[PDB]
Structures are given as C-alpha cells and as structure tokens.
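Engineer: Mind folding the following:
(chains A, B, C, D, E, F, G, H, I, J and K)
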Amino acid sequence: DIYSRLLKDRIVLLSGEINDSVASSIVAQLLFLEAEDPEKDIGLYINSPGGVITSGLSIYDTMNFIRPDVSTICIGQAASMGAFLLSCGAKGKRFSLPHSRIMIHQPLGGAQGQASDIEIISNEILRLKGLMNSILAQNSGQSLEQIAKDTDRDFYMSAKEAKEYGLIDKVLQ
Amino acid sequence: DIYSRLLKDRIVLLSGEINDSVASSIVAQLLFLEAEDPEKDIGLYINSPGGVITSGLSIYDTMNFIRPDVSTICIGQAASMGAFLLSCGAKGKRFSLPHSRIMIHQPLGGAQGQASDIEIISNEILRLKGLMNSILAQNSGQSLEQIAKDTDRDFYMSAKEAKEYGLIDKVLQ
Amino acid sequence: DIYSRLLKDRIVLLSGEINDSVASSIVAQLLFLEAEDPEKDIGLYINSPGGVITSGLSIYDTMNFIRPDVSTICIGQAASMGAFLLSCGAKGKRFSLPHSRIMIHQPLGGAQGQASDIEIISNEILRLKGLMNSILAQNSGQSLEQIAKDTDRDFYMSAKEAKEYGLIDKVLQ
Amino acid sequence: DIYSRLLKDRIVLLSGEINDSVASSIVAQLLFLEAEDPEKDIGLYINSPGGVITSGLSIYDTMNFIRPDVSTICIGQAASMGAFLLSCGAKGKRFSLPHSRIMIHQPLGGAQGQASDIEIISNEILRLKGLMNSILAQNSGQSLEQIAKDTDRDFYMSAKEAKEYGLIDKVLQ
Amino acid sequence: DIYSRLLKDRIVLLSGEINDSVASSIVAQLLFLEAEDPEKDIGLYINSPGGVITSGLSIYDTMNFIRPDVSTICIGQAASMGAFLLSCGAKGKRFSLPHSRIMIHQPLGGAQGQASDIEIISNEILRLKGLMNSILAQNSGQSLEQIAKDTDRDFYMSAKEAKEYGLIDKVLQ
Amino acid sequence: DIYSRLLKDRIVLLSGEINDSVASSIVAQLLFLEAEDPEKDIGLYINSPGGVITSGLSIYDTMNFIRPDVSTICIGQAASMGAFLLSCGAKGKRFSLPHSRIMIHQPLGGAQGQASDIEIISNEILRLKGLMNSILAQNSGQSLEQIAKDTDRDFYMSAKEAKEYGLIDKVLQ
Amino acid sequence: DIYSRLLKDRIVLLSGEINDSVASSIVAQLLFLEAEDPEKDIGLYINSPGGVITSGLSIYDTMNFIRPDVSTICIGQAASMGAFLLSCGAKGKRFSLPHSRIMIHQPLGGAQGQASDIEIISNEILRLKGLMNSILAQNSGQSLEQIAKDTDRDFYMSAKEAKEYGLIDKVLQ
Amino acid sequence: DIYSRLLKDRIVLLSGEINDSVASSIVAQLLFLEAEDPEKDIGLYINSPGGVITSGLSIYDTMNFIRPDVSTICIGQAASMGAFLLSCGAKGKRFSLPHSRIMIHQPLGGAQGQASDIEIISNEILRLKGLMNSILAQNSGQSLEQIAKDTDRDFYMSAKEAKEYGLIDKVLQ
Amino acid sequence: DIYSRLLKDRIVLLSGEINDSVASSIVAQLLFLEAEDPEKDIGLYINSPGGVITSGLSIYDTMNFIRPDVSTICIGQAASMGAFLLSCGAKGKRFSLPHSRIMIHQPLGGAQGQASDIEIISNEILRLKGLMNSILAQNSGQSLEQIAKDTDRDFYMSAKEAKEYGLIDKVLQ
Amino acid sequence: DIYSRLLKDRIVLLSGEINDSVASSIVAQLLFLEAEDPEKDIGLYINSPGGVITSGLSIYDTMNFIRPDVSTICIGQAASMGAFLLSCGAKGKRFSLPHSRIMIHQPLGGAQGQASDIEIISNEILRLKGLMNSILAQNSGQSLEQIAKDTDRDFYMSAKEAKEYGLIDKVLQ
Amino acid sequence: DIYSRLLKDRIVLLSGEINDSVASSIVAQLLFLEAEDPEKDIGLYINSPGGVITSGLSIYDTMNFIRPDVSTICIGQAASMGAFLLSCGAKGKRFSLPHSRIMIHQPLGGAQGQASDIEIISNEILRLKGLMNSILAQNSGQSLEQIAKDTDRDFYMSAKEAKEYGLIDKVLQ
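Structural biologist: Residues are numbered from 1 along each chain as shown, chains lettered A, B, ... in the order given. See below for the structure:
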C-alpha cells in the first residue's frame, strides 16, 4: 500500500471530502506516528474541499493532542475545513505548493422540524461559526472582525495570497 | 356543483392540507360571499391538519377583512393552522361538532445553507411562532406565556376541552 | 351524473376508503339534502374498508348534526370505520344486504420522532380507541368490555351476524 | 354519452377489473334504472376478468335487492367474480355471446403480519370461498362438491359448456 | 490495518453512526483486550453522532462486564449515545480535546400498526428513555429531574461545559 | 368560476409560484380589464413567494403599460418577486393586510458550462439584480446603496415595517 | 377562455417554450385571425426563452404568409427563437416593454450515431444557423458578419439596446 | 480477524438480524468448536432483533446436536427469535448484561394466492407458533397457556424481569 | 492467477468492451512483457466488440511502441476497434480461429450543444474515421476507397473471408 | 500487481478522468519514487479526458515539487487537464505516441445560488482560466493570446501538431 | 480457492450464463492446462443455459485449438449455446449424468435502426444460425435439414435422448 509505505516516512495524505470515516483515518495515523517517534515531525498533505465540521475539528484537536510537530502542506486546494485545518499546522511549518487554491468560508448546515429545534441547530452552528472564525484570526494575525468579513462568502485565494493573509507560512516554489 | 350550491347558502368548507392554492380558493369565496351580502354571516366548516403558515394567515386576515361575520365550525378535526383558523372566527361564533378534535402547536419549517441564512430563517419562524401565539392567546383568553407552554409539543383536545380552553364558544351537539 | 340523479332520490353512496377528500364530499351532500328537505330520510349506502379516523367522525358527527334521519345500508362491506359509520345509523334504520361482510377493529396508526412525541401520539390514538369503543357499545347494546375484547383483532362477521351483534337493525334480503 | 345513451335503454356495461369504484358505479346505475321503472327488465353485459370479492358481492346483492330483473349477458369474457356475477343473473335470462369464455375459480388474496391476524384473514377468505361455491351450486344446479372440486384451480369453458354446466341459460347466437 | 495497529497500544476509536455492526466490533475488541491483559487500561476514543439505542448499551454493558478500565476520550463530537457512552467511561478517566462538542438528548423511535402496538412501542421507548436519563444522572451527578429537563430537546455543550456538567472529568486542554 | 366573478369586479389574484404560465394569465387579465374600462382601478391581490424573474417583470411592465391604476394588496405574503410586484402598483394604493409578511432579496439563478458562458450568465444575473434593486429603491424611497445592503440576504418584514420601509402605502388594519 | 377573449381583439400571446404544439396553436390563431379580417393588424405578445427551431420558423413564415401585419410585443423576455420571432414583426410595428430582456444566440442541438450521421446533422444545424443569422441581419440592419460574431455565445440586451441594435422599432414606455 | 480471535476462546457472536446465511455461519462455528473440544463449554453471545424462523431453529437444534454446553449471553438485546435462542441455552447457563432487553412474541409471516394455499401457510405458521411456545414454556417454567398469553403482542422486559420470567438464569450484574 | 500464469508464457487476453481502464491494463501488460524480454514475441488474443476509439489507439501504439512482435489471434470475435487492433498485429502473425467473426465499420459518436461545438466534435470524429480507414487500408492492402465503401455500414466476415480481405494472415484451424 | 511492477521500473500511469482520489494516488507514487531515489527519472504515461481542475493542479505542482525529472508520455489521449499536464513534463522530455490525440480548452464549471455566490464562482473560474492559459503559453512557447483564442473551444491536435504547437517535445514511433 | 483445486486435476467448470467474461476464464483455463500437459485430458463440466453466441464460439474453437482432448460432461443442463459446446466435445468422450436436460435451439438476438442496418444484423444472425446448424448436424451425425427442423423452436431432451440424438456419447448412470 503506497500510503502504508509513505506513512513510513511520517507522511499523511488528507484527500477529498472530510467526514468521520476519513477524519478517523487521519487521527488513526496521527496517533500511530506519535506512537512511533513522539519526537519527529509529521507531514500532513492537504487537498480537500471540506466537509463535516466536527470531523475536521477532531483532526484539528488531535494535531495538537499528539506531541510531534504537525506540518501542513497544501497541494491542489484547501477549501473551507481544508483551509481551516491548513491554518492549524504548526506555526512556521505551514506550506503550500505554488498553484494551490485556498478558500475560507462560514459553516454550512441544515435544520428541520419545530421552531424550537431549528433554533437549537441555528444557535449550535452559529456557535461553531464563532468558534472557528476566532481560531482563523488566532491563526492568521487577522482580527475576528476582518475574519468575519472575508468568510461571509467564499473567499478564494492563491498560495501567495494565503501566505500574505496568514493562513500559511511559506509557498514552496 | 355540490360545493357551489352550499356556497349559495353562505357555506364554505376548508378540508385537508392548507397551501397557497387551497387558501386562494377560500379567500376568493370569502370575498365573493361578501359582495353577495356584506351583512349575512358566513359559515366556515373546517376539517384540516393545517398547512402553510402564510397561506393560513391569508385566510385569517381575509376573515377579518370582509365585513361579514365569519363563523367557524370544526368537523372531523382542526389541527395546527386549522386549529388557529377555527379559533379566529367571529366572537361567540366559533363552533365544533361533539366528536371533533382540536390540536394546537408551534410552527414547523426548515432551513438549509450558510450559518447566516439558517439564522435568518430561524428568526423568521420564531417571529411567526410569536405572532400566532400572540393571536391565539387573544382569541382564547389564555396568557401568551401559557400558549407558548402548551403549544411546545402537540396538544390534543376534544370539542369539550377546546371550548373550556377558549378556542371555541359552543359545541353544537 | 349517475350520483346526481340519485342524490335527488336522497341517496348517498359512501364507497371505498375514507379520507378528508372523500369525507367532505359526504358531509357536503348531507348538508345539501338537509337544505332541500329537513324531514325526509336519507339513505346512506356504505361500501368501505374505512380509513382516516377524523374523516370518519366528520361524517358520523354530521349525520347526527342534521335533522333528517340518516339511514345506513351496507352493501359489499363495512370494515373498520366503515362498520363504525354503519352502526351510527338512525336507530331502527340500519341495514345490510344479505351477503355483505361486516368487520370491527381498533384504530390503526403511526408515530415517528422523539420519545415524548410518540407518547403524545400514542395517547391520542388510545383516546380515539376508547372513544370509538364506547360509541360502538351504545350503538350495539353490547358493553364496553365485550366491545373491547372483540375489536382487539379484526372481528369479521356476516350481515345476519351483525344484526345479532346490534350493529344493524334488519337484513334487507 | 354513448354509455349514458345505452343506460337509457336500461343497458349497463361492466367491463374490466372489478373494484369498489367500478362496483359503486354499477350499483348506482342499477339503483337509477329501478327508480325510473321498477318493473322493466335490465340488461347487464359482462366482459370482466374478476376483481375485489366484496365489490362484486355488492353488485350481486344490488341485482337481487331491486325489483327489476337483472339479465346478464357475457361478451368476450367472464372470469372469476365475473363468472360468479354472470350466474347470478335472472334465471332464464342469463345469456352469453357465442365466442365468450366463462371461467370459475376459488378466491385469491393475501395476509401479512402476526400469525393471529394471518389466521383471521385465512378464515375470512375461507368463509368467502364457502359462500360463493354454494351460491354457485345453487345457481348452476351443481353440488357443493362438484363446484368445489371444479374451482380448486381455474376452470375455463366455452359458452356452450357454460350452459351445460348451468352458469348461463342460453347462448345468444 | 492502521486500526489493528492502535489496537496494540490499547487504543480503539468508536466513529460514526452506532449500530449492531459497529457495536459488535467494539465489544469484540473489548473482550479481546480483556484477554491480552485484564488489568491494563483501554483507550475508547469517541466521535459519533449516536445510533441505535440497544446497540450503544451493548458497548456500555461491556465496558463494565470486563475488568480493565475503559477510559473515554471525546475527539470531534459525542452526541446522543456517543455522549452517553462518553460519560460511561471509568470515572476520573473521561476526557475530551478542547474543541469537541458534546450533546445529550432523549431516545428517538417509530411505531406503526394497531393502537395496542403503538402503546407497546411507546412504553418501551419511554422506558429506555427512563433508563438512560437515569444513567446520565448517576454518571454526571445531575438529578433525575435536571437531566430530563435538559435532554427534552437537543442539549449542546462544549468540552468545558460538559466537564462543568459532570459528563466528563477533564479536558486534555 | 369564483375567480371569474371576482375578475368581473376588477379583481385579479396572484397566488403561489410565478412563472410564464401564471405570468401570462395575469397579463392576459390585466389587458382584458384595461379593455373593459380603461379608467376603473384594478385590484391585484398577491400571495406569492416569487419565481421566474423575467416572468415577474412582464407583469410589472404590463401594470404600468395599461391605463388603469393597478392597486396591490398583500395577503399571506409577498416574498422576492412578489415583494417587488407589490411595491410596483399605483402610488398611494399599495396595501397589505395586518399579518402579511414581506421579504426582499437578491436574485437567485444558475449557470453551467465553460467559463465564458458562466461569466455571461453571471453578468446577466448581475444586470438583473441592479435593475430591480434600483427599481425597488425607486419604489420605496431608499437610496440604491441602502437596498443593495438590505437585500443581500433575505430581508423579512411585517406589514407595518414594510410601510415604514416604503414598499406599501397603508396597512388595511 | 380569457385568451379566447383577447383573441377577439386580434391579440395573441406566445408564452413559454416553443415546440410543435405551442406552434400549431399560434399558427392556427394567425390563420384564424386572417380569415377574420385580412386588413386589421394583429398584436403578437411574446414572452419566450425560445424553443424548437423548426417550430419557430413555422410561425415566422405564417406571420409573413397571411395578409395582416403581425406586430410583435416583447413582454418579460424574447430569448433566442423568441428574439428571432420578435425581430420578424411588421416593419415599424416591433416593440418592447421597458424592462424586457432580449437575447439572441446560435442554435443548440445534438447528434448521435455513425460518423456520417453526425456530419449530416452537423451540416444541417450549421444551415439553420446560417439561415437565421441572415434573417437577423436583414431584420436588424446589422450585417451577417456582426450577427454571427455577436450570437456566437448568448448575447443579452435590454429593450433600449434591442432598439439601438435594430431588433425592435420602439420601446413602449 | 477480531472475531475469529475470540472464536479460539469459544465465543460466538450472534449479532444483527437472523437469516440463513447468518445461521449457517453460527451453525458452522458451533460444529467446529464441537469437532474441536467436545467437552469445553461454548459462550454464545446473542444481540439481535430476531429473524427468519426455520433459520433460528437451525441454530437451536444444532446447539443441542453437539455435545458441548452452549451457554447464552444476551448483550444489548435478545428480541423475538433472539430471545428464543437465548432461553434455549444450557440449563443454569443463560446470562445477560444488566441493561440488556429481552422481548418474546408470536411469529410473523405472510401468504399470497388462492385460499387453499393461504390456509396451508396459515396452518403452518400457527404450527410454529405452537412449536416454539411449547419450547418457550419448558425453558422458562411458565405454562403454554402463560406463554401464548404473554407472547400474543410484543412483551418487553428488563434483565431482572427476564430472570424472574425464567427465560435466563443469572444476570451478570 | 490463471491470467497471470498465461502472462508468464507471454499471452495477453483482451476480451469485452474497450475503455480506458481495460486499455491501460493491456498497455501495462505489453510494457511489462517488454522488460522481461525485448525479444520474445507476444500473443494478443482478442475477443472484443470494440469500444472507445482513443482507448483502442492506446493499445495500437503501445503494440508498435515496444520492441517485441505482438501477434494477434481472433477468438470469438474482433469487431469494430477489436478488428482494428487485430489487423495491427505484426505482419505474418495475425491469426484467427476457424469460427471467429471479424466486423469492421466507421466510428460511432455523440455531440450536444451549440452549433459551433457540434461541428468541432463532428470534424474530430470524421478525422478519426479517415485516420483509421487509412490505417486499415494500409494494414490490409485494400485501397482507401474500398475500405471506405465497406465500413460505411457494419461489415461482417468469417475468418476465411477476413484473411482474404487482408485483415489477418493465417487461420489457425 | 502489474501496476506496482511498473512502478518498480519507475513508471506511473494516469488513465481516465481526474478527481481528488485519482490525483491523490498519482502524487503518492511521485512522492514514493522521490523517496526510493531522488535522481532517476520518472515516466508519467497519460491517457486522460481530464477532470477536476484543482486535482490536476495538485499533480502538476507535485511534479515540479520533487527532484526526479518527470517526463510525460501520451498514449490514447491527453485532453483538457490531460493535455495541460502532458505539457508540464520535464522540458525536453514530453512525449506522445504517433496516434494519440491532444486537445486543449478552457475550464468548465457550475454555479447555483444568489447573484453574489454566482459572481464569486465566475470570477474564480475565470481566474484559474487566466492562470492555466499563462501556464500553457509558458510550456508551449505560444503567446498568452494565441492560447486564449485557441482554447475558447475544444482544440483537437494530433501528436505531430501538438509537438509543433510546443506541447510535447517528441513523438516516439 | 476450490475451483482451482479442481483445475489441478484438469477439471474446468462452466456454470451459468455465457459471456465474454465467462468465456475468457474458460479459454484461459484451457490454454493453461495445455501449457501444463498437451497430452492428457480435460474435463469440461457444463451446467449452462447458454449465452452470447460469439462467446460460445470462443470456447468452442479453443477446445479444438489446444492439443488435449476436451471431454465435456453435462450436469444440470446444457441448453441453447450450452448444448452446442457439450456436443463439440472430443468425439467419443461426450458425457452427461442421468437427470440432466439438453436443449437445442436457433440463435436469439435483436436489431434497431435504419432498415439497411436491421437487414445487416438479420443476415449476420442467419449466418450464425446456419453455421451452428451445420456444426450441430456434424457433431450429432444428423441431417442439416433435420437439425434445422428441430431447433426452429426449443427442443428439450433428457440424457437418454441426447445419446440417441447424437449430442453425447454416453450417459454415466
């Protein structure tokens, strides 16, 4: 398994839509490495359009739970939770190839049922909105005010624009 | 046309699901019954599990628009919006057959999309929820807080119970 | 319309499953005949397996609501709510052709959702079970207990048998 | 209307499958004809493959319920309930065109659920079988055993054979 | 098998919807670790939106039927049965990464058929609601009433609030 | 025809979703009434959630095309294109029942294919947005830049709020 | 038929998509109106997104086949075949409401099968493409060259621009 | 795999619905263990809602066919056929976790076709309801009469209750 | 693997429709086989009805790209692109079995969209039609004209007729 | 694995449509080869109609990110992103077999939602278009304008033509 | 694998529908066995209802393309194409079990398109029809005219009858 083999070099590939099954796998790996050499570095390669908010968070929090440094690399794209996760790499170890697109937005959801329940989901997602649009600031150097304004709608950026934005550290040319 | 004939005796039947089409027909008959005689009472028999909120409000609001007195008579059942409408008939003229059932509740709906949009839909349906509980309290003599409490979940009642609650005036039994 | 010339003879056929649509057509025809002549009997021929409970009571209630006696004739079959309606015919004027089948049961239904929602629905359907079990008890002369025990499962019986049970008065053979 | 025109000559057509809808329509016509003239004969043509049991039973009963003689004419085909009805025609006036095919059998049906309900449905279908066999015996001149043994599986026969069996009186040819 | 890997370090993730298939895998793993060493701790990692009730109870009752202590870590989210199971982890050893979201509620279900069977099913869902709400009381220290009041509708809380609520001991902050 | 009779009194009903069918029906009705008597005001009752933009614009244009004043009365609701049309009637004659809700938004649409076609659609939908926003601003008295901001996301309003906003003139309380 | 009503004043409405049946109706109305009076003008209101090429040509020709001048009025929109048709109105009698949308373009289609069959179908649509461009240029004053360059991709324009462009003669405002 | 691993310890996990593929699987596992050590006990873990009847009986007979003692352990739930099989374990060796649930009932099924065939199936299922209720009576201490009564409709119960009832022996609390 | 042992002897089997993944497989097998020994001949058994053209030329070029002589052997059938490939085998080693059938034809395709895009695809398929006809005429010795006339419509051949057309060399019979 | 045996000689295959999954695999193999030897050249064979934009850009970047020279070889076809990728190979090492076909064009996409969301997408796709046009001009030596004009519509090329356009360096034959 | 274990004894199983996929495994297995030993014998056990003609011919020509004798044993059934293969077995070693059915028929197929195309398919299927009639005639020693007469419609035979008809040599009783 080419992934099994690459994982041997402490490399992890997050590819495509994020959800529990995939997010679990990432975590399973991250943990595995930490339980191999809790000292070294980890290479998280990200090419994702996003996905389940809580699924990505598990990945985010784990990237810190473990001891090893988690360096993120954007190849292809990092959209939504993919960008979020991307800006969660170890400060200084956050990169992107030259032609990757980085995009940031607000949470996406749905609610259905009695008014009471729609209010519960609405408040729950608005809550996740705030929680993430503050980490983005605390990860970019941008204020929550500016991070509130740019993510209102899809905010597309090129690698170079994301470095200058604070989502990444270096655009490996 | 059996219906067009009862219509000729000022009788209007609102049965089944409520939506724009069904409501536009009840509105028309109510405006028509008015032009035929803005003095004589209108008899509106109801057997409906509710439907679209705004469609329902189009009837309620037409009821109070035309000069005729709109008597409501619950046969079978009057649930949700149907229950709301029954309780909106001329004072002293809200009726129900003996074995009919009345059921009041909170509005239902849904939202899908960005956190921001879910929130807008969520507020709008809470605004409606408040609006109708307000009217529903004024029609039954209950306190707004009492209605908000009793409509939290589906509240069933017999013709007799509904009259004791203030939704109707008499049980033509 | 064949049903229109007959409506003149004051004949109303209840055929097939009952729902608000079908049930409104009946109620309207009864109100009509009532407006045409308040004293003359009405012949309600019933060939139905039943259906929506509130729709049924809608018809039953209208039946006792108007001034004319509503005679009921069972042709083919009167099952469930259809048998319920049969029994609600003017005392002394409940009939069935010789080979009609008559069955009595308990209400059927469905509930989906949170535990506390299923309970409200479970209770509402039990109330209707009790409510209708008693009216059957009256109509027939039988006692609550016997009625409950016999309707726990479908109780299939002949016309001659329904006569002895007290659901009809005479077998027009 | 071509059918309403023939109804004018006291001619009722019964074609295709039999269900409540169709049944309720034949009954309505039989009741209408008897209205106009309860003395004159009626021509009931039958090109049906059968259908709902209690549905045809309603027609059969309506045929003997009214005063007019209900003459039956089999054109094309009369199978299962279609045949049963054809034999319930006014004795002596049960006809058939030369190349029609009469077919008789036992009841078809289905049951699903708990064993208790399956037994109940099985006993009910069995009663119905019994009823119709003996009614077939009484109308044909056959013994409950010859009929029962002969309808265990579909029994197809021509007009001539149908007469020798005693289902029809004469073959109008 | 990246998972068969962690199963060595005594780790095990419960990810995604819970059902008899997943439940059997988790319980199979537990019985496995109880044999590899019936004293050392186990690391049941949680990221689930919930699932079937009796299924979750399979996991719970096993976490207690075995000797080793089953610690629980909430990564991503622990909603419904997931929060319920997160709280069933050996007291003192119930964790959650800083960004997880915990949510507790009441059982969900469905019932169809006779009013007798709806009631059977309604009583059982209520019983299951009674049991677990009770277990959520013993686990967190909350009273029977408090839990019931808060689980009526979806109760969303952060890791901190959940530790604060007594659902977990510590946030691996 | 209940709708016809009202049309004989200068009453047009715009209910439900808007499209070329419905749009043509109203245009057709407005032309007719203009021919009927080019002086008498026309009353356009609107209960619509919006629909095809070009369809909506053809009604608006016609409203100003014909000679007679076209008064609008919102009942139920006037959302999107409905709010637009509602505001397009003769000045001093734009009405709403007390409980009607108004909602103004930006246009919705879609495109697929090459970047050149998408770009072409985008500009076109962007051209439509500006036209209506300037006409909405031109109908209410708001500054174009004011409308642009409010309608960015769905803007719901009570009848009262809508009068103050300048969408309608009076609320028939 | 309100449409039959307006047809009484020589007013025809071409709304929605164009196909064989919408075209036969329009052409019938054109042949009928000619038989009615070969002198008086005909007003053709057009609100269409286009349709089947050959269907639109059947109308284009019939317009020019009968003696009466066929004036065209664009309400809502005149897209593609709809725009083509709009431009084919009698000289000086081509108008548009102020807010109408006008769009011209090249033919759409599909072919499947053998290489030879694709080529045949391809040559055919390039013929219709050439034919309609030529007529467009002739009706607008533009050159075949300009029309070709401009309809390469969807060319959207306002009423005031369709006049300048020469597709229409006057914007009724 | 995880399961197979537990197999060499003589644990057989009956999980999920029951059918011929799953049954032969259980059966095969039992035989093997038998062909292994025909003396050492077997721990049959049951957690299912039940399933095909002749299928379940095959796990049962086999369970008595071999010489080893097949202990049963309900985890999560043993409902219908699952509850049957649970109670069928070796005397004094039927356990269950504290929060597991047991439910016993009467067989469900169905038949389609001629009356003669529906009866054969009806009698065949009444037979199995009879067979299993007798075995269900022995295994627990109850009498056939007390089993036929309680199993009529779904009969749920706790672990303790199940013990009391006689379906299982000890409740490994 | 059976196919993997036959590969050992340098036998490559191409069966079924041809698409990118089937083609890639052959290419990978041709390439592999080239590394093992750039000298030893290869047997390419073909049993295909044809498939994607570019996929076919994929195999064709690889067949002439590698060093070793790739002999083709038609078993079952070689139709369309399958027959095309069959003739691209090294001259002298193009064999077929006594009852294989060879069918040659012109390309099949599809196109949808504007007249401009249809043309482009039309010319692209025609360019492929000529390119391939020219290669077939060259592979068989037939002239361009004669190959054209014959592939206009499907052309079926026996192994004998084939060889005598030039498509294959010898008939291994 | 025939594909893993090819990766051994340092040969990667890109067949069929391109999406995140397919791209992730290509990248992995590239990274693994740079691991197995950062000096030896890599041969990327392409038979693709293209696919997801960002997916392709992730391969292009990985290609230029690692040290090994990654030459490209077109078999069958390289169209859209496939062509784009082919031309991104190591200068001097871009190849194609004689009969494969190369086609270049502009990006394809979709947008649904509000005008604001449509616009953001249109701008983004025009953005990657300008990006890709620039990258194709640099790789082929063509001017940014010639590419823009040439890719407005599918531009099909033979291998020879492609090499002459500067897309591939050599045509193996 | 087990079908492979049997292949070690030169036993090839042909079960089910025949198609390229199926025929390819059979063809692969035949070529392999010869590579294993071109002297011994192969036993082709056939239990098939037939399939794709050219597919069958594929296995037919290989049986006789390889060196060893292909012994065909019928089990279950050899119908349509299945019987052709059975009969194509090595003269003298064709077998069958006592209760197998053998069935011979004419080819099945279809065509769609232009008359010219249907004719081409029609003649091709007639060719495959006469071709198999002649070979089936040879294999059995019957008259081309006789075989044609018996396969015009399905011709079922038992093993005894196949032996006397000439399709098999012996019947292993």
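
Engineer: by contact count, what packs against the longest strand anywhere in chain A?
Structural biologist: Criterion DSSP state E: the longest strand present in chain A is strand A:69-79. Helices and strands touching strand A:69-79, by 3 or more C-beta pairs under 8 Å, 6 or more residues apart in numbering or on different chains; DSSP states H and E, are strand A:41-48, helix A:81-86, strand A:94-96, strand A:101-104, helix J:20-36, helix J:53-65. Quick note: C-beta positions are derived from backbone N, CA and C, even for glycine.

Engineer: Show me what the first one packs onto, helices and strands only.
Structural biologist: This means strand A:41-48. By 3+ C-beta pairs under 8 Å, 6+ apart, strand A:41-48 packs against strand A:11-15, helix A:20-34, strand A:69-79, helix A:81-86, helix J:20-36, helix J:53-65.

Engineer: still on that earlier bit, deepest in the core, which of the helices and strands packed on strand A:69-79 is it.
Structural biologist: helix A:81-86 (a mean of 28; mean count of other C-beta atoms under 10 Å in any protein chain shown).

Engineer: With just CA atoms, put it into PDB.
Structural biologist: Extracted C-alpha coordinates of helix A:81-86, given in PDB (Å, rounded to 0.1, in the frame of the first residue of the first chain):
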ATOM      1  CA  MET A  81     -12.400  22.900   6.600                       C
ATOM      2  CA  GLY A  82      -9.500  22.100   4.400                       C
ATOM      3  CA  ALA A  83      -8.200  25.700   4.700                       C
ATOM      4  CA  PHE A  84      -9.100  25.800   8.400                       C
ATOM      5  CA  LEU A  85      -7.100  22.600   9.000                       C
ATOM      6  CA  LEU A  86      -4.400  24.000   6.900                       C
END
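
Engineer: Would that helix count as contacting chain E?
Structural biologist: No: counting by C-beta under 8 Å from any C-beta of the partner chain, chain E has no neighbours in helix A:81-86; the shortest distance is 11.2 Å.

Engineer: So for chain A, the centremost residue is which one?
Structural biologist: residue A:85 (1.1 Å; C-alpha atoms, centre = their mean).

Engineer: If we ignore the residues flanking it in sequence, what's nearest it?
Structural biologist: Leaving aside its chain neighbours, residue A:85 sits nearest to residue A:56 (5.5 Å; criterion: C-beta to C-beta, 6 or more residues apart in numbering or on different chains).

Engineer: and what of residue A:76?
Structural biologist: residue J:58 (2.9 Å).

Engineer: Skipping its backbone neighbours, what lies nearest the residue of chain A found nearest chain H in space?
Structural biologist: Closest residue of chain A to chain H, C-beta to the nearest C-beta: residue A:28 (15.5 Å). The spatially closest residue to residue A:28, leaving aside those adjacent along the chain, is residue E:2, at 4.6 Å (C-beta to C-beta, 6+ apart).

Engineer: ok, the one you found to residue A:36 distance?
Structural biologist: 12 Å (C-beta to C-beta, to the nearest Å).

Engineer: ok so, going back, now do the contacts for the residue of chain A closest to chain H.
Structural biologist: Residues counted as contacts of residue A:28 (C-beta atoms under 8 Å, 6 or more residues apart in numbering or on different chains) are E:2-3, E:5-6, E:13.

Engineer: Among those residues, which ones are in helices?
Structural biologist: E:2-3, E:5-6 (DSSP state H).

Engineer: returning to what we had before: surely the residue nearest to residue A:85 touches residue A:86?
Structural biologist: No: under the criterion of C-beta atoms under 8 Å, residue A:56 is not in contact with residue A:86, lying 10.4 Å apart.

Engineer: so what's the residue lying farthest from the centre of chain A bridging to?
Structural biologist: Distance from the centre of chain A peaks at residue A:114, with 33.1 Å (C-alpha atoms, centre = their mean). Per DSSP bridges, the residues bridged to residue A:114 are residue B:108.

Engineer: which residues sit in contact with it?
Structural biologist: If you count contacts by C-beta under 8 Å, 6+ apart, then residue A:114 has B:105-108 around it.

Engineer: sorry, back to before: need the helices and strands packed on strand A:41-48 in CSV (columns: distance to residue K:138).
Structural biologist: Converted to CSV, the helices and strands packed on strand A:41-48 look like this (distance: least, C-beta to C-beta, whole Å):
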stretch, distance to residue K:138
strand A:11-15, 60
helix A:20-34, 60
strand A:69-79, 64
helix A:81-86, 69
helix J:20-36, 52
helix J:53-65, 58
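
Engineer: Indicate which one of those is closest to residue H:118.
Structural biologist: In terms of C-beta to C-beta, the element of the helices and strands packed on strand A:41-48 nearest to residue H:118 is helix A:20-34, at 46.5 Å.

Engineer: now the angle from the closest one to strand A:69-79?
Structural biologist: Going by axes from the mean of the first three to the mean of the last three C-alpha atoms, to 10 degrees, helix A:20-34 is angled at 160 degrees with respect to strand A:69-79.

Engineer: quick one, helix A:20-34 and strand A:11-15 angle?
Structural biologist: Going by the same axes, to 10 degrees, helix A:20-34 makes 170 degrees with strand A:11-15.

Engineer: Helix A:20-34 versus helix A:53-65: what angle between them?
Structural biologist: 0 degrees.

Engineer: list the buried ones in stretch A:125-137?
Structural biologist: Going by neighbour count (16 or more other C-beta atoms under 10 Å in any protein chain shown), the buried part of stretch A:125-137 is A:125-129, A:132-133, A:135-137.

Engineer: Just the ones of those residues in helices?
Structural biologist: A:125-129, A:132-133, A:135, A:137.

Engineer: Most proximal residue of chain A with respect to chain D?
Structural biologist: Counting by C-beta to the nearest C-beta, chain A gets nearest chain D through residue A:113, at 31.2 Å.

Engineer: In this structure that residue contacts residue B:105, no?
Structural biologist: No: Residue A:113 is not in contact with residue B:105 according to C-beta under 8 Å; the separation is 11.7 Å.

Engineer: Comparing those two, which shows the higher neighbour count?
Structural biologist: residue B:105 (22 against 16; other C-beta atoms under 10 Å in any protein chain shown).

Engineer: Wait, that one touches residue B:154, no?
Structural biologist: Yes: counting by C-beta under 8 Å, residue B:154 is a contact partner of residue B:105 at 5.2 Å.

Engineer: which residues does the residue lying closest to residue A:160 once chain neighbours are set aside contact?
Structural biologist: Nearest residue to residue A:160, sequence neighbours excluded (C-beta to C-beta, 6+ apart): residue A:171, at 5.7 Å. Taking C-beta under 8 Å, 6+ apart, we find residue A:171 in contact with A:95-98, A:159-160, A:162-163.

Engineer: Any chance of the backbone angles for the closest residue to residue A:139 other than its chain neighbours?
Structural biologist: Once flanking residues are discounted, residue A:139 sits nearest to residue A:87: 4.3 Å by C-beta to C-beta, 6+ apart. Dihedral angles of residue A:87 (phi, psi; degrees, to the nearest 10) stand at phi -80, psi 0.

Engineer: isn't residue A:46 right up against residue A:80?
Structural biologist: No: judged on C-beta under 8 Å, residue A:46 makes no contact with residue A:80 at a distance of 11.6 Å.
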